[PDB]
Amino acid sequence: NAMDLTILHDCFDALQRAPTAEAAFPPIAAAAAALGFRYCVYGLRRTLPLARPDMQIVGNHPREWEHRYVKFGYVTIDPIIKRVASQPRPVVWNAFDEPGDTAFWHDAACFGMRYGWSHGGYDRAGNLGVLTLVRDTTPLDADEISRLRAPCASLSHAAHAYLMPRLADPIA
Amino acid sequence: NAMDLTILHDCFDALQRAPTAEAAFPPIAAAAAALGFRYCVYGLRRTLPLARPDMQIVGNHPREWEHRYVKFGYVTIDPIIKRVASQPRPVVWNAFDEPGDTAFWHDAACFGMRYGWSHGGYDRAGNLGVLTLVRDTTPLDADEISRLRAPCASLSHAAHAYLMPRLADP
């Protein structure tokens, strides 16, 4: 378990030499993978579109999941977004065990988006950035959640501090 | 080094059963102390007061430093707030090497708040919470900063997610 702290040490050093969102994501995804999360997704939802919320999505998620996330208009009714946008704490979810939003969780479960850890963060301009860590094999028991809080918190701060600002305002 | 993960593990366990700010701050401050930071200060700056910004300050700082901070209106000129608000990355400062703001840095260095680590986060309402971890001993070199990033990131997340909400509304 001491290996977990090395995982984050190597991530944050790589994030010091990542001046773009293209260079900043692989460190965060590699750390999440080392923590047991097969999938690592980041979404930037901007406040200025007002008429229609726009969701910018980067991640190693299945392409067909995002394709259906787009064609079915899931940004309008995304249950994870509604839960992380209202509260500051991380949201642990299970696609087989969530109430309502039947169509959303149906597609998520069909493509491995099954057992997730999601945390939302805000920037100076009011944009919402959501880091989502998903595994496709087993939901975490509470004892594994307890030990993963600090590492996931670390990754969550890293995504909001090193990835989100370089998605919102690229150097070029 | 094996401790840093257990230092934070114990902190995050305590914050699960911490429904008040009186109960959320000590575990964070305890972790900051175990990481080498004697002073742990959290400030919540409001956007609403407009003409000048209100700021709640909670921490184990020397209290007479807080009294100067209010006496000379430092909330309007605070160099650290200025830098953690315009940028989402942490800020590492040295009260003897920071340019300008001579009066501000003189007062901070007077009460041992000399070599600090500060990070600012926002909430849905647009408020600014700032976690500041300070030493009175030695400056922060490039080597210790590297290994302190991941643990201090967890502390930032912990402060913004568990302490900031309790100051803002409960």
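Each chain's residues are numbered sequentially from 1 according to the written sequence, a convention that need not reproduce the entry's numbering, and residues without coordinates are excluded. Chain A is the first chain written and ligand 1 is the first ligand written, with later ones labelled in order. Remark: hydrogens and water are excluded; side-chain values derive from all non-hydrogen atoms of the structure.

If you check the header, you'll see the entry was determined by X-ray crystallography and the resolution is listed as 2.75 Å.

1. Remarks on the interface of chain A and chain B
Spelled out, the test is: Contact definition: two residues touch when any of their heavy atoms are within 4.5 Å. A simple way to read buried area is as the amount of 1.4 Å-probe accessible surface that goes missing from two parts once joined, with both sides added. By definition here, a salt bridge exists when the distance from a side-chain nitrogen of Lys or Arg to a carboxyl oxygen of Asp or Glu is within 4 Å. Nitrogen and oxygen atoms within 3.5 Å of one another constitute a polar contact, given that in protein one can donate a hydrogen and the other can accept it, and given that sequence-neighbouring residues count only through two side-chain atoms. Numbering of helices and strands runs from the N terminus; a helix is a DSSP stretch of H or I covering at least four residues, while a strand is a stretch of E covering at least two.
Taken together, the contact pairs 31 residues of chain A with 30 residues of chain B. Here chain A and chain B share an interface that buries about 2600 Å² over both sides, 62% of which is from carbon and sulfur atoms. The tally of links between chain A and chain B comes to one salt bridge. B:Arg149 is paired through a salt bridge with A:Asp13; the nearest N and O atoms lie 3.5 Å apart. On inspection of chain A and its partner chain B, the count reaches nine residue pairs in polar contact. Within the residue set of the side of chain A that touches chain B, elements represented by two or more residues are α1 (2-15), β4 (115-122) and α6 (142-168) of chain A. The greatest single-element share of the side of chain A that touches chain B, amounting to 14 residues, is contributed by α6(A).

2. A few points about the state of the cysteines
Test applied: A pair of sulfur atoms, both from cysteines and within 2.5 Å, is called a disulfide here. Remark: exposure states derive from per-residue accessible area (1.4 Å probe, protein chains only) relative to the maximum for the residue type, with buried under 20%, exposed over 50%, and partly exposed in between.
Going through the model one piece at a time under the given rule, you end up with zero disulfides over all chains. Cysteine A:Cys11 shares no disulfide, and the gap to the nearest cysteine sulfur, in A:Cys40, comes to 9.1 Å. B:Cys11 forms no disulfide, and the closest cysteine sulfur to it belongs to B:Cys40, at a distance of 9.3 Å. Exposure remark for B:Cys11: the relative accessible area of 2% places this residue in the buried category.

3. As for the environment of B:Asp107
Residues and elements named next belong to chain B. Inspection of the secondary structure puts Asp107 in helix α5 (residues 102-110). Given a relative accessible area of 7%, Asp107 falls into the buried group. Distance in space between the C-alpha atoms of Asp107 and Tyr69 is 8.3 Å, their sequence separation being 38 residues. Look past the residues within four positions of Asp107 in its chain and what remains in contact with it is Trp65, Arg68, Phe72 and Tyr74.

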